[PDB]
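Accompanying notes for the structure given below.
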There are 2 protein chains.
Amino acid sequence: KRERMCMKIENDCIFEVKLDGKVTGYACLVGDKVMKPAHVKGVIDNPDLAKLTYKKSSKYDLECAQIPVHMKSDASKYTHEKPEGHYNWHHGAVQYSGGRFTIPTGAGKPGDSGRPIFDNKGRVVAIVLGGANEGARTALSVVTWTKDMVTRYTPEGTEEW
Amino acid sequence: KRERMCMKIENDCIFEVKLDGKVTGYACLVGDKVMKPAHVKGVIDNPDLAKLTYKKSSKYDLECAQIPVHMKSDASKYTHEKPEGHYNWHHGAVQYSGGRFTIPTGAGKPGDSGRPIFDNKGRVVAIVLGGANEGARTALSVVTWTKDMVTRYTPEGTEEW
């Protein structure tokens, strides 16, 4: 269940985007709210949440919604405490050292931005914004908080997916 | 399996300095930057790395340069930790106690400065600059940091190699 339980719990959470022959936006409902990278535009699949308005922050490019109760149980427990250990996601494990993320080059691809990541215990940690082809291990660009204050952590030269 | 994995670790990291029949300075890819003993003249072996400009220090006699965006795949973890024990270097183990890097007599020679002294666990600790023999032992002179504020230590009679 190191990743099978992850596959089961990630189901029904990530919502796809299909507007004109392209699938880019991946939105995850977590902590009574939801977010998506606003620098890339997407369309909400289900009409129930689509008609509801969303927040828009220019310098954080994330949205928000007031999700009702009939899908209230479609989120994680969102802990906030980060040792230096493997975390794993949909494509390969996660390497965390020196307060930073690194995934070897070619494991992912542009357009995969929006996939949330979460620990071995099943607790959500961050959502990837993009990365740049650095050597043999592409860095990441995610959001991390200490009980509050979501922050952007983008190394030098990162390129958005 | 005591030092071979380390020997693999610092492969492709140390560069060369040689202009006409002399090989002294050894640049180490530590902390997303390069440096070499300022007490000797340093000509960069790889033309790619020599395009950037470097900084100069008076007593710390070390340089710096923001690394390009495709050589972080060969970076150590360089975590600050100073216990007493054996850490090993390019030629044999190293004995450290009482804030003094010390080597058995005879294990040094001129033109070997710039060797990254690294811990037994695989993290680089410091860079070799110079030293001299004192009785049955030879002292060293390196740069260490307590998570910040790199410092310097120098015994009397020291000779830079």
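As shown in the structure tokens, the chain order sets the letters A, B, ...; within each chain, residues go from 1, and ligands are also counted from 1 in the order they appear.
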
| said: With only C-alpha atoms as the counted atoms, please give the residues lying no more than 10 Å from residue 59 (chain B), apart from itself and same-chain residues fewer than 2 positions off, as a PyMOL selection string. | reply: chain B and resi 38-39+56-57+61-62+151-152

Saved selection, atoms kept: C-alpha atoms, as a JSON list (two decimals), in the first residue's frame:
[["chain", "number", "residue", "atom", "x", "y", "z"],
["B", 38, "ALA", "CA", 43.36, 31.80, -3.90],
["B", 39, "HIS", "CA", 46.95, 31.44, -2.64],
["B", 56, "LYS", "CA", 37.87, 37.52, -4.36],
["B", 57, "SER", "CA", 38.39, 37.45, -0.58],
["B", 61, "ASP", "CA", 41.22, 33.13, 0.15],
["B", 62, "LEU", "CA", 38.31, 31.46, -1.65],
["B", 151, "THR", "CA", 35.65, 30.61, 9.26],
["B", 152, "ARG", "CA", 39.38, 29.86, 9.12]]

Chain B post-superposition (all in-order Cα pairs with chain A) as a compact mmCIF listing (two decimals) with N, CA and C atoms, in the first residue's frame:
# COMPACT_ATOMS: atom_id res chain seq x y z
N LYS B 1 2.09 -3.58 -0.97
CA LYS B 1 1.43 -2.55 -0.19
C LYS B 1 2.38 -1.41 0.15
N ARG B 2 2.73 -0.61 -0.85
CA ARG B 2 3.58 0.56 -0.66
C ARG B 2 2.98 1.84 -1.21
N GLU B 3 2.27 1.77 -2.33
CA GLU B 3 1.62 2.95 -2.89
C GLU B 3 0.19 2.71 -3.35
N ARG B 4 -0.28 1.45 -3.38
CA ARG B 4 -1.61 1.17 -3.90
C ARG B 4 -2.70 1.78 -3.02
N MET B 5 -2.51 1.75 -1.70
CA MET B 5 -3.49 2.36 -0.81
C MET B 5 -3.60 3.86 -1.06
N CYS B 6 -2.47 4.54 -1.27
CA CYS B 6 -2.52 5.94 -1.65
C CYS B 6 -3.27 6.12 -2.96
N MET B 7 -2.91 5.32 -3.98
CA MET B 7 -3.59 5.38 -5.27
C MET B 7 -5.10 5.31 -5.08
N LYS B 8 -5.56 4.46 -4.15
CA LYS B 8 -6.96 4.47 -3.77
C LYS B 8 -7.35 5.80 -3.13
N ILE B 9 -6.46 6.38 -2.33
CA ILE B 9 -6.81 7.58 -1.57
C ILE B 9 -7.16 8.74 -2.49
N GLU B 10 -6.30 9.05 -3.47
CA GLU B 10 -6.63 10.22 -4.29
C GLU B 10 -7.53 9.89 -5.48
N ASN B 11 -8.10 8.69 -5.55
CA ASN B 11 -9.14 8.45 -6.54
C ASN B 11 -10.38 9.28 -6.23
N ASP B 12 -11.07 9.70 -7.29
CA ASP B 12 -12.28 10.52 -7.27
C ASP B 12 -12.02 11.93 -6.75
N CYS B 13 -10.77 12.29 -6.44
CA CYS B 13 -10.45 13.63 -5.95
C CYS B 13 -10.01 14.56 -7.08
N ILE B 14 -9.01 14.14 -7.86
CA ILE B 14 -8.49 14.98 -8.93
C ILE B 14 -9.52 15.08 -10.05
N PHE B 15 -9.78 16.30 -10.51
CA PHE B 15 -10.69 16.54 -11.62
C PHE B 15 -9.88 16.86 -12.88
N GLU B 16 -10.58 17.24 -13.95
CA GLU B 16 -9.96 17.39 -15.26
C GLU B 16 -10.19 18.80 -15.78
N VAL B 17 -9.23 19.27 -16.58
CA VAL B 17 -9.36 20.51 -17.34
C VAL B 17 -9.03 20.20 -18.79
N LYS B 18 -10.01 20.40 -19.68
CA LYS B 18 -9.82 20.15 -21.10
C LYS B 18 -10.93 20.84 -21.87
N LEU B 19 -10.56 21.75 -22.77
CA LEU B 19 -11.52 22.43 -23.63
C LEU B 19 -11.46 21.95 -25.07
N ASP B 20 -10.28 21.94 -25.69
CA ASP B 20 -10.11 21.39 -27.04
C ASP B 20 -8.75 20.70 -27.10
N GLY B 21 -8.75 19.40 -26.83
CA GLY B 21 -7.57 18.57 -27.05
C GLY B 21 -6.33 18.98 -26.27
N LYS B 22 -6.50 19.36 -25.01
CA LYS B 22 -5.36 19.65 -24.14
C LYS B 22 -5.81 19.48 -22.70
N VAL B 23 -5.04 18.71 -21.93
CA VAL B 23 -5.39 18.35 -20.56
C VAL B 23 -4.20 18.72 -19.68
N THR B 24 -4.26 19.89 -19.06
CA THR B 24 -3.16 20.39 -18.23
C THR B 24 -3.54 20.55 -16.77
N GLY B 25 -4.55 21.36 -16.46
CA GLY B 25 -4.86 21.68 -15.07
C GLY B 25 -5.66 20.58 -14.39
N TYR B 26 -5.26 20.26 -13.16
CA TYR B 26 -5.86 19.18 -12.38
C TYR B 26 -6.27 19.73 -11.02
N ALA B 27 -7.58 19.90 -10.82
CA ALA B 27 -8.09 20.42 -9.55
C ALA B 27 -8.04 19.34 -8.48
N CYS B 28 -7.57 19.71 -7.29
CA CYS B 28 -7.43 18.79 -6.17
C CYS B 28 -8.34 19.22 -5.03
N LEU B 29 -9.12 18.27 -4.51
CA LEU B 29 -10.04 18.53 -3.40
C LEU B 29 -9.27 18.42 -2.09
N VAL B 30 -8.55 19.49 -1.77
CA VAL B 30 -7.75 19.57 -0.54
C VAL B 30 -8.25 20.74 0.29
N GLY B 31 -8.48 20.48 1.58
CA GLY B 31 -8.86 21.54 2.51
C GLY B 31 -10.19 22.20 2.20
N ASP B 32 -11.20 21.41 1.85
CA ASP B 32 -12.57 21.90 1.65
C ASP B 32 -12.63 22.99 0.58
N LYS B 33 -11.81 22.84 -0.46
CA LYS B 33 -11.76 23.83 -1.53
C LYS B 33 -11.02 23.22 -2.71
N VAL B 34 -11.05 23.94 -3.83
CA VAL B 34 -10.41 23.51 -5.07
C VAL B 34 -9.46 24.60 -5.54
N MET B 35 -8.48 24.20 -6.35
CA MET B 35 -7.50 25.12 -6.92
C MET B 35 -6.86 24.45 -8.12
N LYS B 36 -6.25 25.27 -8.98
CA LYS B 36 -5.57 24.78 -10.16
C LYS B 36 -4.50 25.78 -10.56
N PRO B 37 -3.43 25.34 -11.24
CA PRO B 37 -2.40 26.28 -11.72
C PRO B 37 -2.97 27.44 -12.52
N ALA B 38 -2.81 28.67 -12.00
CA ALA B 38 -3.31 29.85 -12.70
C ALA B 38 -2.52 30.16 -13.95
N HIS B 39 -1.29 29.66 -14.07
CA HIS B 39 -0.46 29.91 -15.24
C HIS B 39 -1.00 29.24 -16.50
N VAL B 40 -1.98 28.34 -16.38
CA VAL B 40 -2.69 27.79 -17.53
C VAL B 40 -4.18 28.07 -17.36
N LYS B 41 -4.89 28.07 -18.48
CA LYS B 41 -6.33 28.27 -18.45
C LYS B 41 -7.03 27.01 -17.96
N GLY B 42 -7.97 27.19 -17.04
CA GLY B 42 -8.65 26.05 -16.45
C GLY B 42 -10.15 26.04 -16.67
N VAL B 43 -10.63 25.06 -17.44
CA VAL B 43 -12.05 24.82 -17.64
C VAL B 43 -12.44 23.58 -16.84
N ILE B 44 -13.46 23.72 -15.99
CA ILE B 44 -13.82 22.67 -15.06
C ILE B 44 -14.55 21.56 -15.81
N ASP B 45 -14.10 20.32 -15.62
CA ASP B 45 -14.73 19.19 -16.30
C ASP B 45 -16.16 18.98 -15.83
N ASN B 46 -16.40 19.06 -14.52
CA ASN B 46 -17.71 18.79 -13.96
C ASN B 46 -18.53 20.07 -13.93
N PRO B 47 -19.67 20.13 -14.62
CA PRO B 47 -20.48 21.36 -14.59
C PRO B 47 -20.95 21.74 -13.20
N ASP B 48 -21.09 20.77 -12.29
CA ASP B 48 -21.54 21.08 -10.94
C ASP B 48 -20.55 21.98 -10.20
N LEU B 49 -19.26 21.71 -10.36
CA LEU B 49 -18.25 22.46 -9.61
C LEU B 49 -18.00 23.84 -10.20
N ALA B 50 -18.35 24.05 -11.47
CA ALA B 50 -18.03 25.29 -12.17
C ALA B 50 -18.98 26.43 -11.86
N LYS B 51 -20.04 26.20 -11.08
CA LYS B 51 -21.01 27.26 -10.82
C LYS B 51 -20.48 28.30 -9.84
N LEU B 52 -19.62 27.90 -8.90
CA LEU B 52 -19.07 28.83 -7.93
C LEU B 52 -18.00 29.71 -8.57
N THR B 53 -17.82 30.90 -8.00
CA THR B 53 -16.77 31.81 -8.43
C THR B 53 -15.49 31.54 -7.64
N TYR B 54 -14.36 31.91 -8.25
CA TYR B 54 -13.05 31.64 -7.69
C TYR B 54 -12.29 32.94 -7.45
N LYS B 55 -11.26 32.85 -6.62
CA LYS B 55 -10.38 33.98 -6.34
C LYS B 55 -9.09 33.86 -7.16
N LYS B 56 -8.44 35.00 -7.37
CA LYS B 56 -7.23 35.07 -8.18
C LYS B 56 -6.10 35.68 -7.37
N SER B 57 -4.90 35.10 -7.50
CA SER B 57 -3.71 35.59 -6.83
C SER B 57 -2.63 35.91 -7.87
N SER B 58 -1.72 36.81 -7.49
CA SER B 58 -0.70 37.28 -8.43
C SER B 58 0.47 36.31 -8.53
N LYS B 59 1.19 36.11 -7.42
CA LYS B 59 2.38 35.27 -7.45
C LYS B 59 2.12 33.85 -6.96
N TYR B 60 1.17 33.68 -6.03
CA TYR B 60 0.80 32.35 -5.57
C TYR B 60 0.07 31.54 -6.64
N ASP B 61 -0.35 32.20 -7.73
CA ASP B 61 -1.03 31.63 -8.91
C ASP B 61 -1.91 30.43 -8.56
N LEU B 62 -2.77 30.58 -7.55
CA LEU B 62 -3.70 29.53 -7.18
C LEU B 62 -5.04 30.15 -6.85
N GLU B 63 -6.10 29.36 -7.00
CA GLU B 63 -7.46 29.81 -6.79
C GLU B 63 -8.02 29.20 -5.51
N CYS B 64 -9.27 29.55 -5.21
CA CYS B 64 -9.97 29.04 -4.04
C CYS B 64 -11.46 29.14 -4.28
N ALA B 65 -12.21 28.28 -3.61
CA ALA B 65 -13.66 28.26 -3.72
C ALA B 65 -14.23 27.43 -2.58
N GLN B 66 -15.21 27.98 -1.87
CA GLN B 66 -15.84 27.26 -0.78
C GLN B 66 -16.59 26.05 -1.34
N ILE B 67 -16.18 24.86 -0.91
CA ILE B 67 -16.73 23.63 -1.48
C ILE B 67 -18.20 23.50 -1.09
N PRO B 68 -19.05 22.92 -1.93
CA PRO B 68 -20.41 22.59 -1.50
C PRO B 68 -20.40 21.57 -0.36
N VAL B 69 -21.60 21.20 0.07
CA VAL B 69 -21.78 20.53 1.35
C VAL B 69 -21.92 19.01 1.17
N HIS B 70 -21.43 18.45 0.06
CA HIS B 70 -21.49 17.00 -0.07
C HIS B 70 -20.25 16.38 -0.73
N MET B 71 -19.07 17.00 -0.59
CA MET B 71 -17.81 16.39 -1.02
C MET B 71 -16.69 16.57 0.00
N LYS B 72 -16.96 16.27 1.28
CA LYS B 72 -15.86 16.10 2.23
C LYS B 72 -15.49 14.65 2.48
N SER B 73 -16.20 13.70 1.88
CA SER B 73 -15.85 12.29 2.05
C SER B 73 -14.60 11.89 1.27
N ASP B 74 -14.02 12.79 0.48
CA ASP B 74 -12.83 12.52 -0.32
C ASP B 74 -11.77 13.57 -0.04
N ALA B 75 -11.56 13.88 1.23
CA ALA B 75 -10.62 14.91 1.65
C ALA B 75 -9.45 14.28 2.39
N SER B 76 -8.24 14.71 2.02
CA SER B 76 -7.04 14.25 2.70
C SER B 76 -6.91 14.99 4.02
N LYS B 77 -5.84 14.71 4.76
CA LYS B 77 -5.59 15.31 6.06
C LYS B 77 -4.54 16.41 6.02
N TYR B 78 -3.67 16.40 5.00
CA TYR B 78 -2.85 17.55 4.61
C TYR B 78 -2.14 18.21 5.79
N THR B 79 -1.73 17.42 6.77
CA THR B 79 -1.06 17.97 7.94
C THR B 79 0.35 18.43 7.58
N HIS B 80 0.70 19.63 8.04
CA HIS B 80 1.99 20.24 7.74
C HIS B 80 3.11 19.47 8.43
N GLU B 81 4.03 18.93 7.64
CA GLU B 81 5.21 18.24 8.17
C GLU B 81 6.20 18.08 7.03
N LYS B 82 7.43 18.55 7.22
CA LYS B 82 8.44 18.57 6.17
C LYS B 82 9.73 17.91 6.65
N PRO B 83 9.78 16.57 6.69
CA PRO B 83 11.06 15.88 6.87
C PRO B 83 11.73 15.62 5.54
N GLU B 84 12.86 14.92 5.54
CA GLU B 84 13.54 14.53 4.31
C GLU B 84 13.35 13.04 4.08
N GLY B 85 12.83 12.68 2.91
CA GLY B 85 12.58 11.29 2.60
C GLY B 85 11.89 11.12 1.27
N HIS B 86 11.25 9.97 1.11
CA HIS B 86 10.51 9.62 -0.11
C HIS B 86 9.02 9.76 0.15
N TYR B 87 8.33 10.46 -0.75
CA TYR B 87 6.91 10.73 -0.60
C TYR B 87 6.05 10.21 -1.74
N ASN B 88 6.62 10.02 -2.94
CA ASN B 88 5.96 9.40 -4.09
C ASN B 88 4.88 10.30 -4.69
N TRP B 89 4.72 10.23 -6.00
CA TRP B 89 3.69 11.00 -6.71
C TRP B 89 3.13 10.11 -7.81
N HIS B 90 2.40 10.72 -8.76
CA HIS B 90 1.71 9.94 -9.78
C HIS B 90 2.67 9.07 -10.59
N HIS B 91 3.89 9.53 -10.83
CA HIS B 91 4.90 8.77 -11.56
C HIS B 91 6.14 8.61 -10.67
N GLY B 92 6.16 7.54 -9.88
CA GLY B 92 7.35 7.19 -9.13
C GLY B 92 7.55 8.02 -7.88
N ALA B 93 8.60 7.66 -7.14
CA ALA B 93 8.92 8.30 -5.87
C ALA B 93 9.54 9.67 -6.10
N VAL B 94 9.65 10.43 -5.02
CA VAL B 94 10.20 11.79 -5.04
C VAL B 94 11.27 11.90 -3.96
N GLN B 95 12.37 12.58 -4.29
CA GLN B 95 13.45 12.83 -3.35
C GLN B 95 13.40 14.29 -2.91
N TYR B 96 13.44 14.51 -1.60
CA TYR B 96 13.33 15.85 -1.02
C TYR B 96 14.43 16.04 0.02
N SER B 97 15.23 17.08 -0.16
CA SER B 97 16.27 17.43 0.80
C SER B 97 16.67 18.88 0.58
N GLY B 98 17.00 19.56 1.67
CA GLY B 98 17.44 20.95 1.60
C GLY B 98 16.41 21.89 1.01
N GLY B 99 15.14 21.71 1.36
CA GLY B 99 14.09 22.58 0.85
C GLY B 99 13.96 22.59 -0.65
N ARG B 100 14.05 21.42 -1.28
CA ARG B 100 13.99 21.33 -2.74
C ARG B 100 13.31 20.03 -3.13
N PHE B 101 12.17 20.13 -3.81
CA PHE B 101 11.55 18.96 -4.42
C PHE B 101 12.26 18.66 -5.73
N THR B 102 12.74 17.43 -5.88
CA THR B 102 13.62 17.07 -6.98
C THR B 102 13.22 15.71 -7.52
N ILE B 103 13.27 15.57 -8.85
CA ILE B 103 12.81 14.36 -9.53
C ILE B 103 13.92 13.88 -10.47
N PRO B 104 14.05 12.57 -10.69
CA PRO B 104 14.98 12.10 -11.73
C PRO B 104 14.60 12.64 -13.10
N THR B 105 15.62 12.87 -13.92
CA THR B 105 15.41 13.44 -15.25
C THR B 105 14.56 12.51 -16.11
N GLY B 106 13.66 13.11 -16.89
CA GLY B 106 12.82 12.37 -17.80
C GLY B 106 11.44 12.02 -17.28
N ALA B 107 11.20 12.15 -15.98
CA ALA B 107 9.91 11.77 -15.40
C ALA B 107 8.85 12.85 -15.51
N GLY B 108 9.08 13.89 -16.32
CA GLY B 108 8.10 14.95 -16.50
C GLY B 108 7.79 15.18 -17.96
N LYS B 109 6.75 15.98 -18.18
CA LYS B 109 6.27 16.34 -19.51
C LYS B 109 5.29 17.50 -19.39
N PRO B 110 5.12 18.30 -20.44
CA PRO B 110 4.14 19.39 -20.36
C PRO B 110 2.73 18.85 -20.26
N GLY B 111 1.88 19.59 -19.55
CA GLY B 111 0.50 19.18 -19.39
C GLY B 111 0.21 18.20 -18.27
N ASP B 112 1.06 18.13 -17.25
CA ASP B 112 0.79 17.28 -16.09
C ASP B 112 0.71 18.05 -14.78
N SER B 113 0.73 19.38 -14.82
CA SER B 113 0.71 20.18 -13.61
C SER B 113 -0.62 20.00 -12.87
N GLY B 114 -0.57 20.23 -11.56
CA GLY B 114 -1.72 20.02 -10.71
C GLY B 114 -1.77 18.68 -10.00
N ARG B 115 -0.72 17.87 -10.11
CA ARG B 115 -0.66 16.61 -9.38
C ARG B 115 -0.43 16.87 -7.90
N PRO B 116 -1.30 16.40 -7.02
CA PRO B 116 -1.06 16.61 -5.59
C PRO B 116 0.08 15.74 -5.08
N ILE B 117 1.24 16.36 -4.82
CA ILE B 117 2.33 15.63 -4.18
C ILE B 117 1.97 15.41 -2.72
N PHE B 118 2.08 14.16 -2.29
CA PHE B 118 1.58 13.71 -1.00
C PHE B 118 2.65 12.90 -0.30
N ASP B 119 2.58 12.88 1.03
CA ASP B 119 3.60 12.21 1.82
C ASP B 119 3.43 10.69 1.75
N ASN B 120 4.46 9.99 2.24
CA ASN B 120 4.40 8.53 2.29
C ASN B 120 3.31 8.02 3.22
N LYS B 121 2.85 8.85 4.16
CA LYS B 121 1.87 8.41 5.14
C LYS B 121 0.42 8.66 4.72
N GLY B 122 0.19 9.34 3.60
CA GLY B 122 -1.15 9.51 3.07
C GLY B 122 -1.74 10.90 3.18
N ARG B 123 -0.93 11.93 3.39
CA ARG B 123 -1.41 13.31 3.48
C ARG B 123 -0.83 14.10 2.31
N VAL B 124 -1.68 14.86 1.63
CA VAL B 124 -1.19 15.66 0.52
C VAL B 124 -0.33 16.81 1.04
N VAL B 125 0.72 17.14 0.29
CA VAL B 125 1.71 18.11 0.71
C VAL B 125 1.63 19.39 -0.13
N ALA B 126 1.57 19.25 -1.45
CA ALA B 126 1.65 20.43 -2.30
C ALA B 126 1.07 20.11 -3.68
N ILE B 127 1.17 21.07 -4.59
CA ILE B 127 0.65 20.95 -5.95
C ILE B 127 1.77 21.28 -6.92
N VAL B 128 1.87 20.49 -7.97
CA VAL B 128 2.92 20.68 -8.97
C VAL B 128 2.56 21.86 -9.87
N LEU B 129 3.52 22.74 -10.11
CA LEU B 129 3.35 23.89 -10.98
C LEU B 129 4.28 23.87 -12.18
N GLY B 130 5.58 23.69 -11.93
CA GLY B 130 6.56 23.78 -12.99
C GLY B 130 7.94 23.41 -12.47
N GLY B 131 8.87 23.28 -13.41
CA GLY B 131 10.24 22.93 -13.09
C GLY B 131 11.04 22.69 -14.35
N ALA B 132 12.34 22.49 -14.15
CA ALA B 132 13.32 22.28 -15.22
C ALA B 132 14.45 21.40 -14.71
N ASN B 133 15.19 20.82 -15.66
CA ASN B 133 16.31 19.95 -15.33
C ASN B 133 17.55 20.77 -14.97
N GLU B 134 18.36 20.22 -14.07
CA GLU B 134 19.59 20.87 -13.62
C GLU B 134 20.62 19.75 -13.45
N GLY B 135 21.38 19.50 -14.51
CA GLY B 135 22.36 18.42 -14.49
C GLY B 135 21.74 17.05 -14.70
N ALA B 136 21.74 16.23 -13.64
CA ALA B 136 21.12 14.90 -13.67
C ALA B 136 19.79 14.86 -12.93
N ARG B 137 19.27 16.01 -12.51
CA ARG B 137 18.05 16.08 -11.73
C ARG B 137 17.18 17.22 -12.25
N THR B 138 15.88 17.14 -11.97
CA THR B 138 14.93 18.18 -12.35
C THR B 138 14.32 18.79 -11.10
N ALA B 139 14.30 20.12 -11.04
CA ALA B 139 13.71 20.80 -9.90
C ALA B 139 12.20 20.92 -10.06
N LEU B 140 11.54 21.28 -8.97
CA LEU B 140 10.09 21.47 -8.93
C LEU B 140 9.77 22.87 -8.42
N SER B 141 8.47 23.14 -8.32
CA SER B 141 7.97 24.43 -7.85
C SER B 141 6.57 24.18 -7.33
N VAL B 142 6.40 24.26 -6.01
CA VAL B 142 5.18 23.85 -5.33
C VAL B 142 4.84 24.88 -4.26
N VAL B 143 3.73 24.64 -3.56
CA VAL B 143 3.24 25.52 -2.52
C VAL B 143 3.17 24.74 -1.21
N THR B 144 3.82 25.25 -0.17
CA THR B 144 3.85 24.59 1.12
C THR B 144 3.46 25.58 2.21
N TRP B 145 2.95 25.04 3.32
CA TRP B 145 2.48 25.88 4.41
C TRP B 145 2.93 25.31 5.74
N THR B 146 3.36 26.20 6.63
CA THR B 146 3.71 25.85 8.00
C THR B 146 2.49 26.13 8.87
N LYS B 147 1.44 25.32 8.65
CA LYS B 147 0.16 25.39 9.34
C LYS B 147 -0.62 26.65 8.95
N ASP B 148 0.04 27.56 8.24
CA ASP B 148 -0.53 28.80 7.73
C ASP B 148 0.38 29.30 6.61
N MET B 149 0.12 30.53 6.15
CA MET B 149 1.00 31.31 5.27
C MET B 149 1.65 30.48 4.16
N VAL B 150 0.82 29.97 3.23
CA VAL B 150 1.35 29.25 2.08
C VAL B 150 2.40 30.11 1.38
N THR B 151 3.49 29.46 0.96
CA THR B 151 4.63 30.15 0.37
C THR B 151 4.97 29.52 -0.98
N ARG B 152 6.02 30.02 -1.61
CA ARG B 152 6.40 29.63 -2.95
C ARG B 152 7.91 29.54 -3.07
N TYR B 153 8.37 28.62 -3.91
CA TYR B 153 9.79 28.43 -4.18
C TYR B 153 9.98 28.29 -5.69
N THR B 154 11.03 28.93 -6.21
CA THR B 154 11.24 28.94 -7.65
C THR B 154 12.73 28.91 -8.00
N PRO B 155 13.19 27.88 -8.70
CA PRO B 155 14.57 27.87 -9.19
C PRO B 155 14.70 28.54 -10.55
N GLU B 156 15.91 29.05 -10.80
CA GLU B 156 16.17 29.73 -12.06
C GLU B 156 16.04 28.75 -13.23
N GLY B 157 15.50 29.24 -14.34
CA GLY B 157 15.27 28.41 -15.51
C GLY B 157 14.02 27.56 -15.45
N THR B 158 13.19 27.73 -14.43
CA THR B 158 11.99 26.92 -14.30
C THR B 158 11.07 27.12 -15.49
N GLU B 159 10.41 26.04 -15.88
CA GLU B 159 9.42 26.05 -16.95
C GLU B 159 8.16 25.36 -16.45
N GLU B 160 7.07 26.10 -16.40
CA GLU B 160 5.78 25.50 -16.06
C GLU B 160 5.37 24.50 -17.12
N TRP B 161 4.93 23.32 -16.68
CA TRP B 161 4.43 22.34 -17.63
C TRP B 161 2.95 22.62 -17.87

| task | Give the strand (DSSP E or B) residues of region 17-70 of chain A, as assigned by DSSP on the backbone, as a PyMOL selection string. | result | chain A and resi 27-30+33-35

| query | DSSP on the backbone: what in region 20-115 of chain A comes out helix (DSSP H, G or I), as an MDAnalysis selection string? | reply | chainID A and resid 47:50 69:71
